[PDB]
$ cat final.cif   # mmCIF, C-alpha atoms and all ligand atoms
data_upload
loop_
_atom_site.label_atom_id
_atom_site.label_comp_id
_atom_site.auth_asym_id
_atom_site.auth_seq_id
_atom_site.Cartn_x
_atom_site.Cartn_y
_atom_site.Cartn_z
CA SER A 3 64.91 -47.77 -31.75
CA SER A 4 62.18 -50.33 -31.85
CA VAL A 5 59.00 -50.36 -29.81
CA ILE A 6 57.08 -53.54 -29.01
CA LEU A 7 53.38 -53.38 -29.88
CA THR A 8 50.57 -55.35 -28.25
CA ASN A 9 48.05 -57.01 -30.53
CA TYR A 10 44.40 -56.62 -29.62
CA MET A 11 42.13 -58.71 -31.84
CA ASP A 12 43.99 -57.94 -35.05
CA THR A 13 42.20 -54.61 -34.74
CA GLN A 14 44.38 -52.64 -32.35
CA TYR A 15 48.18 -52.38 -32.27
CA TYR A 16 49.86 -50.03 -29.83
CA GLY A 17 53.08 -49.60 -27.93
CA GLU A 18 54.23 -47.57 -24.93
CA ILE A 19 55.37 -43.98 -24.62
CA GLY A 20 56.22 -41.87 -21.61
CA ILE A 21 55.11 -38.30 -21.14
CA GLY A 22 56.29 -36.11 -18.29
CA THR A 23 58.85 -36.15 -15.51
CA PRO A 24 58.49 -38.52 -13.75
CA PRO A 25 57.18 -40.41 -16.79
CA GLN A 26 53.42 -41.04 -16.85
CA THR A 27 52.78 -44.21 -18.88
CA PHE A 28 50.45 -44.41 -21.90
CA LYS A 29 49.30 -47.05 -24.37
CA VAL A 30 49.24 -45.50 -27.82
CA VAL A 31 48.93 -46.41 -31.48
CA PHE A 32 51.43 -45.25 -34.08
CA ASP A 33 49.14 -43.86 -36.75
CA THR A 34 50.68 -43.13 -40.17
CA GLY A 35 47.16 -41.85 -40.84
CA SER A 36 47.22 -38.82 -38.51
CA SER A 37 49.86 -36.26 -37.54
CA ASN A 38 49.24 -35.16 -33.95
CA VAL A 39 49.94 -36.78 -30.59
CA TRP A 40 47.27 -36.91 -27.93
CA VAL A 41 46.55 -38.69 -24.67
CA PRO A 42 43.59 -38.67 -22.25
CA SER A 43 43.85 -35.60 -19.98
CA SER A 44 43.40 -35.59 -16.21
CA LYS A 45 41.27 -32.49 -16.79
CA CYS A 46 38.71 -34.69 -18.60
CA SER A 47 35.22 -34.81 -17.05
CA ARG A 48 34.49 -38.23 -15.55
CA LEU A 49 31.12 -37.90 -17.23
CA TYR A 50 33.03 -39.28 -20.20
CA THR A 51 33.21 -42.87 -19.00
CA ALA A 52 36.00 -43.28 -21.57
CA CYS A 53 38.28 -41.17 -19.32
CA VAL A 54 37.42 -43.34 -16.34
CA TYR A 55 38.60 -46.43 -18.26
CA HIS A 56 41.85 -44.89 -19.48
CA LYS A 57 45.18 -43.45 -18.30
CA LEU A 58 45.18 -39.72 -17.68
CA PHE A 59 48.10 -37.30 -18.01
CA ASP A 60 48.34 -34.83 -15.14
CA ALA A 61 50.51 -31.75 -15.56
CA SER A 62 50.73 -30.94 -11.87
CA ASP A 63 52.94 -34.02 -11.66
CA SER A 64 55.40 -33.27 -14.42
CA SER A 65 58.17 -30.77 -13.65
CA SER A 66 59.19 -30.87 -17.31
CA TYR A 67 55.78 -29.55 -18.33
CA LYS A 68 55.17 -26.39 -20.36
CA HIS A 69 51.66 -25.00 -20.61
CA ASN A 70 50.15 -23.82 -23.89
CA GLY A 71 46.43 -24.48 -23.74
CA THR A 72 45.42 -23.86 -27.36
CA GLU A 73 42.34 -25.96 -28.13
CA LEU A 74 42.27 -28.53 -30.91
CA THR A 75 40.06 -31.22 -32.33
CA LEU A 76 41.12 -34.49 -33.91
CA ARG A 77 38.52 -35.95 -36.23
CA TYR A 78 39.08 -39.59 -37.14
CA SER A 79 37.11 -41.78 -39.54
CA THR A 80 35.69 -43.87 -36.71
CA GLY A 81 35.56 -41.19 -34.00
CA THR A 82 36.50 -37.74 -32.75
CA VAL A 83 38.30 -36.43 -29.67
CA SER A 84 38.91 -32.93 -28.41
CA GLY A 85 41.00 -30.95 -25.94
CA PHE A 86 43.89 -28.51 -25.57
CA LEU A 87 47.64 -28.45 -26.29
CA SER A 88 50.55 -28.97 -23.92
CA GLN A 89 54.28 -29.52 -24.22
CA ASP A 90 56.50 -31.91 -22.30
CA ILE A 91 59.17 -34.51 -22.99
CA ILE A 92 58.10 -37.84 -24.44
CA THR A 93 59.98 -41.09 -24.49
CA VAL A 94 59.49 -43.43 -27.42
CA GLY A 95 61.64 -46.55 -27.51
CA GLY A 96 64.77 -44.95 -26.05
CA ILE A 97 64.59 -41.66 -27.92
CA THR A 98 63.50 -38.54 -26.00
CA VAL A 99 61.83 -35.61 -27.73
CA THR A 100 60.08 -32.56 -26.35
CA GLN A 101 56.64 -32.59 -27.94
CA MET A 102 53.45 -30.56 -28.23
CA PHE A 103 50.65 -33.05 -27.57
CA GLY A 104 46.90 -32.94 -27.23
CA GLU A 105 45.54 -33.21 -23.70
CA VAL A 106 42.13 -34.56 -24.66
CA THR A 107 39.24 -33.63 -22.40
CA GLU A 108 36.28 -34.66 -24.55
CA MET A 109 36.56 -38.33 -25.42
CA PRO A 110 33.25 -39.98 -26.47
CA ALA A 111 32.29 -43.36 -25.01
CA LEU A 112 31.52 -44.87 -28.40
CA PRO A 113 34.10 -45.61 -29.80
CA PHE A 114 36.75 -44.92 -27.16
CA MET A 115 35.10 -47.11 -24.55
CA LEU A 116 36.37 -49.83 -26.88
CA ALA A 117 39.88 -48.42 -27.08
CA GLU A 118 42.39 -50.80 -25.53
CA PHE A 119 44.82 -47.91 -25.78
CA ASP A 120 44.76 -44.32 -24.53
CA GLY A 121 46.05 -41.84 -27.10
CA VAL A 122 47.49 -41.71 -30.59
CA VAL A 123 50.86 -40.80 -32.04
CA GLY A 124 50.51 -39.40 -35.54
CA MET A 125 53.28 -40.51 -37.88
CA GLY A 126 51.98 -38.51 -40.83
CA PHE A 127 53.54 -35.38 -42.27
CA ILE A 128 53.15 -31.94 -40.66
CA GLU A 129 51.20 -31.05 -43.80
CA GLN A 130 48.24 -32.89 -42.20
CA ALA A 131 48.97 -31.77 -38.67
CA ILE A 132 46.00 -30.07 -37.03
CA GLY A 133 46.97 -26.82 -35.35
CA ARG A 134 50.17 -26.93 -37.38
CA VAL A 135 51.74 -28.61 -34.34
CA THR A 136 55.11 -30.05 -35.35
CA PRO A 137 54.67 -33.84 -35.63
CA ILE A 138 56.88 -36.07 -33.52
CA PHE A 139 58.90 -37.98 -36.08
CA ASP A 140 59.88 -34.52 -37.29
CA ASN A 141 61.04 -33.57 -33.84
CA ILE A 142 63.05 -36.80 -33.78
CA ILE A 143 64.72 -36.07 -37.10
CA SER A 144 65.79 -32.70 -35.71
CA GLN A 145 68.13 -34.71 -33.53
CA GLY A 146 70.08 -36.40 -36.28
CA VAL A 147 70.48 -39.50 -34.15
CA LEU A 148 68.58 -41.79 -36.51
CA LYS A 149 70.69 -43.63 -39.05
CA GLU A 150 67.99 -43.11 -41.71
CA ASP A 151 64.93 -40.90 -41.94
CA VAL A 152 62.69 -43.96 -42.10
CA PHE A 153 60.40 -45.89 -39.75
CA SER A 154 58.73 -49.22 -40.38
CA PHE A 155 55.85 -51.27 -39.04
CA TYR A 156 55.34 -54.96 -38.31
CA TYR A 157 51.87 -56.22 -37.39
CA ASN A 158 51.64 -59.85 -36.28
CA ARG A 159 48.67 -62.20 -36.26
CA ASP A 160 46.61 -62.14 -33.06
CA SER A 161 48.30 -65.13 -31.39
CA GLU A 162 46.67 -66.76 -28.36
CA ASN A 163 49.77 -67.09 -26.16
CA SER A 164 51.40 -64.25 -24.22
CA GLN A 165 54.91 -64.69 -25.62
CA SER A 166 54.65 -63.48 -29.21
CA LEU A 167 55.06 -59.74 -29.84
CA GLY A 168 51.90 -58.20 -31.22
CA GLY A 169 54.06 -56.05 -33.43
CA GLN A 170 57.06 -53.79 -33.79
CA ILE A 171 57.80 -50.27 -35.00
CA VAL A 172 61.43 -49.40 -35.67
CA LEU A 173 62.54 -45.78 -35.83
CA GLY A 174 65.48 -45.20 -38.14
CA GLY A 175 65.43 -48.46 -40.09
CA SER A 176 63.67 -51.73 -40.93
CA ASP A 177 64.32 -54.80 -38.79
CA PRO A 178 65.35 -57.72 -41.10
CA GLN A 179 64.07 -60.13 -38.48
CA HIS A 180 60.54 -59.67 -39.80
CA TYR A 181 60.57 -59.60 -43.61
CA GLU A 182 62.07 -61.78 -46.31
CA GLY A 183 62.97 -61.04 -49.91
CA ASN A 184 63.74 -57.37 -50.49
CA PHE A 185 61.63 -54.22 -50.31
CA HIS A 186 59.68 -52.85 -53.25
CA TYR A 187 59.14 -49.14 -52.85
CA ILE A 188 56.52 -46.94 -54.41
CA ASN A 189 56.77 -43.17 -54.41
CA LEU A 190 54.28 -40.97 -52.59
CA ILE A 191 51.86 -39.39 -55.06
CA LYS A 192 52.76 -36.21 -53.16
CA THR A 193 54.55 -35.28 -49.93
CA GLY A 194 52.36 -34.57 -46.92
CA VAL A 195 50.31 -37.77 -46.94
CA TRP A 196 51.32 -41.44 -46.74
CA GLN A 197 49.27 -42.10 -49.89
CA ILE A 198 50.39 -43.76 -53.13
CA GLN A 199 49.23 -44.74 -56.60
CA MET A 200 47.36 -48.02 -56.90
CA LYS A 201 46.96 -49.56 -60.37
CA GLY A 202 43.90 -51.72 -59.88
CA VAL A 203 42.50 -54.14 -57.34
CA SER A 204 41.76 -57.63 -58.56
CA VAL A 205 39.59 -60.36 -57.13
CA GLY A 206 40.77 -63.61 -58.65
CA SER A 207 40.36 -63.57 -62.41
CA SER A 208 38.70 -60.16 -62.78
CA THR A 209 40.31 -56.76 -62.08
CA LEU A 210 36.78 -55.67 -61.30
CA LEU A 211 38.08 -52.80 -59.15
CA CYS A 212 40.18 -49.62 -59.32
CA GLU A 213 40.47 -49.86 -63.09
CA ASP A 214 42.07 -46.78 -64.67
CA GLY A 215 43.75 -46.35 -61.29
CA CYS A 216 42.90 -44.96 -57.84
CA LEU A 217 44.45 -43.69 -54.58
CA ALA A 218 45.85 -45.78 -51.69
CA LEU A 219 46.46 -44.51 -48.15
CA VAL A 220 48.86 -46.77 -46.20
CA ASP A 221 47.37 -46.39 -42.76
CA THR A 222 48.88 -48.27 -39.82
CA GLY A 223 46.24 -46.50 -37.78
CA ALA A 224 43.39 -48.29 -39.56
CA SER A 225 42.29 -51.79 -38.54
CA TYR A 226 41.23 -53.06 -41.96
CA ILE A 227 41.55 -52.43 -45.71
CA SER A 228 38.97 -49.97 -47.01
CA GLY A 229 37.60 -48.50 -50.18
CA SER A 230 34.71 -46.25 -51.15
CA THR A 231 31.19 -47.60 -50.68
CA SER A 232 31.01 -48.02 -54.47
CA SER A 233 34.30 -49.93 -54.60
CA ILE A 234 33.47 -52.04 -51.54
CA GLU A 235 29.85 -52.75 -52.50
CA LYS A 236 31.16 -54.10 -55.77
CA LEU A 237 33.99 -56.06 -54.17
CA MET A 238 31.64 -57.32 -51.45
CA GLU A 239 29.15 -58.61 -54.02
CA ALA A 240 31.90 -60.66 -55.64
CA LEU A 241 32.28 -62.69 -52.46
CA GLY A 242 28.71 -63.46 -51.41
CA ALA A 243 29.11 -61.22 -48.38
CA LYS A 244 26.23 -59.47 -46.67
CA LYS A 245 26.33 -55.89 -45.42
CA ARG A 246 25.63 -55.09 -41.78
CA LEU A 247 25.90 -51.81 -39.93
CA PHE A 248 29.66 -51.61 -39.49
CA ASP A 249 31.01 -54.50 -41.60
CA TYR A 250 30.40 -57.47 -43.89
CA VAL A 251 29.93 -61.15 -43.11
CA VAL A 252 29.79 -64.42 -45.09
CA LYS A 253 28.39 -67.69 -43.72
CA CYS A 254 31.50 -68.83 -41.86
CA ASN A 255 31.78 -72.15 -43.69
CA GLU A 256 32.47 -70.32 -46.95
CA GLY A 257 35.43 -68.28 -45.80
CA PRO A 258 38.18 -70.81 -46.43
CA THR A 259 36.97 -70.73 -50.01
CA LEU A 260 36.60 -67.03 -50.66
CA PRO A 261 38.99 -65.84 -53.37
CA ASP A 262 42.25 -63.91 -53.38
CA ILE A 263 42.31 -60.13 -53.61
CA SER A 264 45.42 -58.64 -55.17
CA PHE A 265 46.33 -54.98 -54.86
CA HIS A 266 48.43 -53.77 -57.77
CA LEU A 267 51.06 -51.41 -56.34
CA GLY A 268 54.16 -49.82 -57.86
CA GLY A 269 54.30 -52.68 -60.32
CA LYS A 270 53.99 -55.80 -58.16
CA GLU A 271 50.84 -57.64 -57.17
CA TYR A 272 50.32 -57.82 -53.41
CA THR A 273 47.95 -60.73 -52.89
CA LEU A 274 45.73 -61.53 -49.95
CA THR A 275 44.07 -64.84 -49.18
CA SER A 276 40.74 -65.56 -47.53
CA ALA A 277 42.64 -66.63 -44.40
CA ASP A 278 44.38 -63.25 -44.54
CA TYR A 279 41.20 -61.18 -44.63
CA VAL A 280 38.57 -63.21 -42.77
CA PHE A 281 38.20 -63.59 -39.03
CA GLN A 282 37.52 -67.30 -39.14
CA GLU A 283 35.96 -67.72 -35.68
CA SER A 284 34.03 -70.83 -36.72
CA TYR A 285 33.63 -73.17 -39.72
CA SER A 286 29.81 -73.60 -39.59
CA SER A 287 27.06 -72.37 -41.92
CA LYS A 288 24.91 -71.39 -38.96
CA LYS A 289 27.30 -68.65 -37.89
CA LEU A 290 28.74 -65.49 -39.39
CA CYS A 291 32.35 -64.46 -39.98
CA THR A 292 33.60 -60.89 -40.35
CA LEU A 293 35.74 -59.67 -43.21
CA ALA A 294 38.79 -57.54 -42.41
CA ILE A 295 37.72 -55.17 -45.19
CA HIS A 296 35.31 -52.29 -44.66
CA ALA A 297 33.74 -49.33 -46.36
CA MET A 298 35.04 -45.92 -45.33
CA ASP A 299 34.36 -42.74 -47.25
CA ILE A 300 37.46 -40.73 -46.54
CA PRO A 301 36.78 -37.01 -47.26
CA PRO A 302 39.14 -34.83 -49.25
CA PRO A 303 41.78 -33.74 -49.68
CA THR A 304 42.86 -37.33 -48.95
CA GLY A 305 39.65 -38.99 -50.11
CA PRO A 306 38.21 -40.71 -51.97
CA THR A 307 40.71 -43.52 -51.51
CA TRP A 308 41.56 -47.00 -50.37
CA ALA A 309 43.09 -47.44 -46.94
CA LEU A 310 45.62 -50.20 -46.35
CA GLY A 311 45.40 -50.86 -42.63
CA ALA A 312 46.52 -53.69 -40.37
CA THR A 313 44.83 -56.32 -42.52
CA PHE A 314 47.25 -55.50 -45.34
CA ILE A 315 50.25 -54.86 -43.09
CA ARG A 316 49.96 -58.20 -41.37
CA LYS A 317 51.01 -59.78 -44.67
CA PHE A 318 53.52 -57.14 -45.75
CA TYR A 319 56.12 -55.47 -43.55
CA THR A 320 56.02 -51.75 -44.28
CA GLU A 321 58.81 -49.21 -44.40
CA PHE A 322 58.00 -45.52 -44.37
CA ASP A 323 60.75 -43.48 -45.99
CA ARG A 324 60.62 -39.80 -45.06
CA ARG A 325 63.87 -38.97 -46.84
CA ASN A 326 62.69 -40.24 -50.24
CA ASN A 327 58.90 -39.84 -50.00
CA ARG A 328 58.33 -43.51 -50.75
CA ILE A 329 56.76 -46.45 -48.90
CA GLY A 330 58.51 -49.81 -48.90
CA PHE A 331 56.95 -53.28 -48.83
CA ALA A 332 58.29 -56.73 -47.99
CA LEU A 333 56.67 -60.09 -47.25
CA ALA A 334 56.05 -60.54 -43.53
CA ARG A 335 58.08 -63.00 -41.46
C1 LIG B 1 44.84 -44.90 -34.31
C2 LIG B 1 44.01 -43.66 -34.59
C3 LIG B 1 43.31 -43.73 -35.93
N1 LIG B 1 44.04 -43.30 -37.00
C4 LIG B 1 43.49 -43.33 -38.24
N2 LIG B 1 44.26 -42.90 -39.24
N3 LIG B 1 42.26 -43.75 -38.51
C5 LIG B 1 41.53 -44.17 -37.47
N4 LIG B 1 40.27 -44.59 -37.76
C6 LIG B 1 42.00 -44.19 -36.13
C7 LIG B 1 41.10 -44.68 -35.05
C8 LIG B 1 40.38 -43.82 -34.23
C9 LIG B 1 39.53 -44.35 -33.25
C10 LIG B 1 39.40 -45.74 -33.07
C11 LIG B 1 40.13 -46.65 -33.90
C12 LIG B 1 40.98 -46.05 -34.87
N5 LIG B 1 40.06 -48.06 -33.78
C13 LIG B 1 40.88 -48.95 -34.67
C14 LIG B 1 42.29 -49.18 -34.11
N6 LIG B 1 43.26 -49.21 -35.20
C15 LIG B 1 44.51 -49.68 -35.03
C16 LIG B 1 45.38 -49.65 -36.28
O1 LIG B 1 44.96 -50.12 -33.98
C17 LIG B 1 39.24 -48.75 -32.88
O2 LIG B 1 39.23 -49.98 -32.85
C18 LIG B 1 38.28 -48.03 -31.87
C19 LIG B 1 38.69 -48.44 -30.45
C20 LIG B 1 36.85 -48.50 -32.18
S1 LIG B 1 38.31 -46.24 -31.80
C1 LIG B 2 51.24 -22.72 -28.21
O1 LIG B 2 52.27 -23.05 -29.16
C2 LIG B 2 52.24 -22.22 -30.33
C3 LIG B 2 53.20 -22.83 -31.34
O2 LIG B 2 54.25 -21.94 -31.68
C4 LIG B 2 52.58 -20.79 -29.94
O3 LIG B 2 52.60 -19.96 -31.09
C5 LIG B 2 51.55 -20.28 -28.93
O4 LIG B 2 51.97 -19.02 -28.43
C6 LIG B 2 51.37 -21.25 -27.75
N1 LIG B 2 50.17 -20.89 -27.01
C7 LIG B 2 50.24 -20.09 -25.95
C8 LIG B 2 49.01 -19.27 -25.61
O5 LIG B 2 51.25 -20.00 -25.24
#

$ encode --input "final.cif" --output "structure tokens"
Amino acid sequence: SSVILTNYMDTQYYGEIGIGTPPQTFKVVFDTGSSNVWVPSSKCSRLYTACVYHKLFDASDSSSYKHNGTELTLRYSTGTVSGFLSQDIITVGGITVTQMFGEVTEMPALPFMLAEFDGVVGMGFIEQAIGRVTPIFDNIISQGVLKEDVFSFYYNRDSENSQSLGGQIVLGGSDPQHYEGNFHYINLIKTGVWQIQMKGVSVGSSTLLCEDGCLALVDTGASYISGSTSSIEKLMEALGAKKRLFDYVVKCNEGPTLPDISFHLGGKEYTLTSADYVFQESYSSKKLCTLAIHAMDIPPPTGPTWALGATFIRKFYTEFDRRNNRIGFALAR
């Protein structure tokens, strides 16, 4: 099953799922970086403007609902949400699984007032699941309907014409329609986290990063590519970029000439070009352009580490293999 994803500024990719009976529609992201499923709850106080600007799941409207009510909190790098648990059927691209999801009731304006989507569908292992709530892709594998215990992602480039698909997530395989060449898999440095071994990050002619190795989290739930303040500060100095509050910028007219950044993975350089990582809004020297690379200090047990978000996935189609604890990579198409 494949699920079309909408592209919002190269910073937000989400598809559609259906919770309840009758189905109550929800825009959600498929986050390989988390492990729970949550959606804005109808029980959320409208003092959280975020809930006023999003879709709310009501249980008094689903006959296929099963109350639980345990409270949980999902802490993300860029923001936190909170609420209680509930169970009900969920429809994801043709498949139907009964799931335990988070009915969020505390959803902060900043950042969620900037969420084009409503909730999140964790694609990570149950090992990271908060509340030990069985993840969904696990629930789907319990059906033995998928041809392969793998799911892939395809993030497109923010096109300006409503006709191109923002992206696509296939459950059970890897659509050939969007990658050329063949996949190059790397094994997970451990099962329970979609993280792998990275053998250096190079910026042109100088592997002035991740020498002696480092960790790499393949996060479809992250907008950009991140490292640790140390790593980034050093990378960001090698470009002539300036630090702001939440990102870096380089006089726009110098973006087409920034250098390549290659991420050594599994024994194959994955290279990115200025065009790949810079939001080239303008070509002037009197304006500033943002880099699709940020600093994020991911806390253990996963951190410190680099995060390979949508900036990196836009160039390389990703396959997530649950059956072999390995992540595949192919050039985007
Ligand atoms: C998709 C959930 C998610 N998963 C992980 N692993 N990390 C995150 N930082 C987020 C997470 C949380 C909140 C926001 C956010 C991402 N993003 C980035 C969206 N990322 C993608 C891949 O679509 C936003 O833009 C805000 C609305 C500010 S709020
Ligand atoms: C919620 O689900 C968990 C998962 O097994 C279960 O143990 C618990 O009893 C449920 N909560 C309640 C109060 O029903």

$ axis_aligned_box --input "final.cif" --around "ligand LIG 2 (chain B)" --padding-each-side "3 Å" --output "lines of an AutoDock Vina configuration file"
center_x = 51.6
center_y = -21.0
center_z = -28.5
size_x = 11.2
size_y = 10.0
size_z = 12.4

$ closest_atom_pairs --input "final.cif" --of "chain A" --to "ligand LIG 1 (chain B)" --cutoff "7 Å" --atoms "only C-alpha atoms and all ligand atoms" --output "JSON lines"
{"residue": "A:13", "atom": "CA", "partner": "B:LIG1", "partner_atom": "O1", "distance": 5.3}
{"residue": "A:14", "atom": "CA", "partner": "B:LIG1", "partner_atom": "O1", "distance": 3.1}
{"residue": "A:15", "atom": "CA", "partner": "B:LIG1", "partner_atom": "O1", "distance": 4.3}
{"residue": "A:16", "atom": "CA", "partner": "B:LIG1", "partner_atom": "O1", "distance": 6.4}
{"residue": "A:31", "atom": "CA", "partner": "B:LIG1", "partner_atom": "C1", "distance": 5.2}
{"residue": "A:32", "atom": "CA", "partner": "B:LIG1", "partner_atom": "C1", "distance": 6.6}
{"residue": "A:33", "atom": "CA", "partner": "B:LIG1", "partner_atom": "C1", "distance": 5.1}
{"residue": "A:34", "atom": "CA", "partner": "B:LIG1", "partner_atom": "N2", "distance": 6.5}
{"residue": "A:35", "atom": "CA", "partner": "B:LIG1", "partner_atom": "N2", "distance": 3.5}
{"residue": "A:36", "atom": "CA", "partner": "B:LIG1", "partner_atom": "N2", "distance": 5.1}
{"residue": "A:78", "atom": "CA", "partner": "B:LIG1", "partner_atom": "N4", "distance": 5.2}
{"residue": "A:79", "atom": "CA", "partner": "B:LIG1", "partner_atom": "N4", "distance": 4.6}
{"residue": "A:80", "atom": "CA", "partner": "B:LIG1", "partner_atom": "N4", "distance": 4.8}
{"residue": "A:81", "atom": "CA", "partner": "B:LIG1", "partner_atom": "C9", "distance": 5.1}
{"residue": "A:113", "atom": "CA", "partner": "B:LIG1", "partner_atom": "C20", "distance": 4.6}
{"residue": "A:114", "atom": "CA", "partner": "B:LIG1", "partner_atom": "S1", "distance": 5.1}
{"residue": "A:116", "atom": "CA", "partner": "B:LIG1", "partner_atom": "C19", "distance": 4.5}
{"residue": "A:117", "atom": "CA", "partner": "B:LIG1", "partner_atom": "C19", "distance": 3.6}
{"residue": "A:118", "atom": "CA", "partner": "B:LIG1", "partner_atom": "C19", "distance": 6.6}
{"residue": "A:122", "atom": "CA", "partner": "B:LIG1", "partner_atom": "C1", "distance": 5.6}
{"residue": "A:221", "atom": "CA", "partner": "B:LIG1", "partner_atom": "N2", "distance": 5.9}
{"residue": "A:222", "atom": "CA", "partner": "B:LIG1", "partner_atom": "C16", "distance": 5.2}
{"residue": "A:223", "atom": "CA", "partner": "B:LIG1", "partner_atom": "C16", "distance": 3.6}
{"residue": "A:224", "atom": "CA", "partner": "B:LIG1", "partner_atom": "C16", "distance": 4.1}
{"residue": "A:225", "atom": "CA", "partner": "B:LIG1", "partner_atom": "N6", "distance": 4.3}
{"residue": "A:311", "atom": "CA", "partner": "B:LIG1", "partner_atom": "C16", "distance": 6.5}
{"residue": "A:312", "atom": "CA", "partner": "B:LIG1", "partner_atom": "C16", "distance": 5.9}

$ closest_residue --input "final.cif" --among "A:48, A:246, A:57, A:68" --to "ligand LIG 2 (chain B)" --atoms "all atoms listed in the file"
A:68

$ residues_around --input "final.cif" --residues "residue 334 (chain A)" --least-positions-apart "3" --cutoff "8 Å" --atoms "only C-alpha atoms" --output "mmCIF file with C-alpha atoms, keeping the file's coordinate frame"
data_model
loop_
_atom_site.group_PDB
_atom_site.id
_atom_site.type_symbol
_atom_site.label_atom_id
_atom_site.label_comp_id
_atom_site.auth_asym_id
_atom_site.auth_seq_id
_atom_site.Cartn_x
_atom_site.Cartn_y
_atom_site.Cartn_z
ATOM 1 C CA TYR A 156 55.340 -54.960 -38.310
ATOM 2 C CA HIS A 180 60.540 -59.670 -39.800
ATOM 3 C CA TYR A 181 60.570 -59.600 -43.610
ATOM 4 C CA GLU A 182 62.070 -61.780 -46.310
ATOM 5 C CA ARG A 316 49.960 -58.200 -41.370
ATOM 6 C CA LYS A 317 51.010 -59.780 -44.670
ATOM 7 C CA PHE A 318 53.520 -57.140 -45.750
ATOM 8 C CA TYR A 319 56.120 -55.470 -43.550
#

$ residues_around --input "final.cif" --residues "region 4-11 of chain A" --least-positions-apart "6" --cutoff "6 Å" --atoms "all atoms listed in the file" --output "VMD selection string"
chain A and resid 17 95 160 168 to 172

$ residues_around --input "final.cif" --residues "residue 58 (chain A)" --least-positions-apart "6" --cutoff "7 Å" --atoms "only C-alpha atoms" --output "VMD selection string"
chain A and resid 42 to 44

$ closest_atom_pairs --input "final.cif" --of "chain A" --to "ligand LIG 2 (chain B)" --cutoff "10 Å" --atoms "all atoms listed in the file" --output "JSON lines"
{"residue": "A:68", "atom": "CA", "partner": "B:LIG2", "partner_atom": "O5", "distance": 8.9}
{"residue": "A:69", "atom": "CA", "partner": "B:LIG2", "partner_atom": "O5", "distance": 6.8}
{"residue": "A:70", "atom": "CA", "partner": "B:LIG2", "partner_atom": "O5", "distance": 4.2}
{"residue": "A:71", "atom": "CA", "partner": "B:LIG2", "partner_atom": "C8", "distance": 6.1}
{"residue": "A:72", "atom": "CA", "partner": "B:LIG2", "partner_atom": "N1", "distance": 5.6}
{"residue": "A:73", "atom": "CA", "partner": "B:LIG2", "partner_atom": "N1", "distance": 9.4}
{"residue": "A:86", "atom": "CA", "partner": "B:LIG2", "partner_atom": "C1", "distance": 9.7}
{"residue": "A:87", "atom": "CA", "partner": "B:LIG2", "partner_atom": "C1", "distance": 7.0}
{"residue": "A:88", "atom": "CA", "partner": "B:LIG2", "partner_atom": "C1", "distance": 7.6}
{"residue": "A:89", "atom": "CA", "partner": "B:LIG2", "partner_atom": "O1", "distance": 8.4}
{"residue": "A:102", "atom": "CA", "partner": "B:LIG2", "partner_atom": "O1", "distance": 7.7}
{"residue": "A:133", "atom": "CA", "partner": "B:LIG2", "partner_atom": "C3", "distance": 8.4}
{"residue": "A:134", "atom": "CA", "partner": "B:LIG2", "partner_atom": "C3", "distance": 7.9}
{"residue": "A:135", "atom": "CA", "partner": "B:LIG2", "partner_atom": "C3", "distance": 6.7}
{"residue": "A:136", "atom": "CA", "partner": "B:LIG2", "partner_atom": "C3", "distance": 8.5}

$ residues_around --input "final.cif" --residues "residue 194 (chain A)" --least-positions-apart "2" --cutoff "12 Å" --atoms "all atoms listed in the file" --output "short mmCIF file (atom, residue, chain, number, x, y, z; two decimals) with C-alpha atoms, in the coordinates of the input"
data_model
loop_
_atom_site.label_atom_id
_atom_site.label_comp_id
_atom_site.auth_asym_id
_atom_site.auth_seq_id
_atom_site.Cartn_x
_atom_site.Cartn_y
_atom_site.Cartn_z
CA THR A 34 50.68 -43.13 -40.17
CA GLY A 35 47.16 -41.85 -40.84
CA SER A 36 47.22 -38.82 -38.51
CA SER A 37 49.86 -36.26 -37.54
CA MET A 125 53.28 -40.51 -37.88
CA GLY A 126 51.98 -38.51 -40.83
CA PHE A 127 53.54 -35.38 -42.27
CA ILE A 128 53.15 -31.94 -40.66
CA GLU A 129 51.20 -31.05 -43.80
CA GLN A 130 48.24 -32.89 -42.20
CA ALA A 131 48.97 -31.77 -38.67
CA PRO A 137 54.67 -33.84 -35.63
CA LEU A 190 54.28 -40.97 -52.59
CA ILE A 191 51.86 -39.39 -55.06
CA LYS A 192 52.76 -36.21 -53.16
CA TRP A 196 51.32 -41.44 -46.74
CA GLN A 197 49.27 -42.10 -49.89
CA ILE A 198 50.39 -43.76 -53.13
CA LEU A 219 46.46 -44.51 -48.15
CA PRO A 303 41.78 -33.74 -49.68
CA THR A 304 42.86 -37.33 -48.95
CA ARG A 324 60.62 -39.80 -45.06
CA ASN A 327 58.90 -39.84 -50.00
CA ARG A 328 58.33 -43.51 -50.75
#

$ closest_residue --input "final.cif" --among "A:253, A:56, A:45, A:186" --to "residue 85 (chain A)" --atoms "only C-alpha atoms"
A:45

$ decode --input "final.cif" --residues "region 242-252 of chain A" --atoms "C-alpha atoms" --output "short mmCIF file (atom, residue, chain, number, x, y, z; two decimals), in the first residue's frame"
data_model
loop_
_atom_site.label_atom_id
_atom_site.label_comp_id
_atom_site.auth_asym_id
_atom_site.auth_seq_id
_atom_site.Cartn_x
_atom_site.Cartn_y
_atom_site.Cartn_z
CA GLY A 242 30.47 31.39 5.31
CA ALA A 243 27.09 30.93 6.94
CA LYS A 244 25.86 33.01 9.85
CA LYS A 245 24.00 31.62 12.85
CA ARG A 246 20.56 32.93 13.77
CA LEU A 247 18.14 31.72 16.41
CA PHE A 248 16.76 28.65 14.67
CA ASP A 249 18.95 28.25 11.57
CA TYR A 250 21.82 29.46 9.38
CA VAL A 251 21.86 31.82 6.42
CA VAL A 252 24.37 32.87 3.73
#
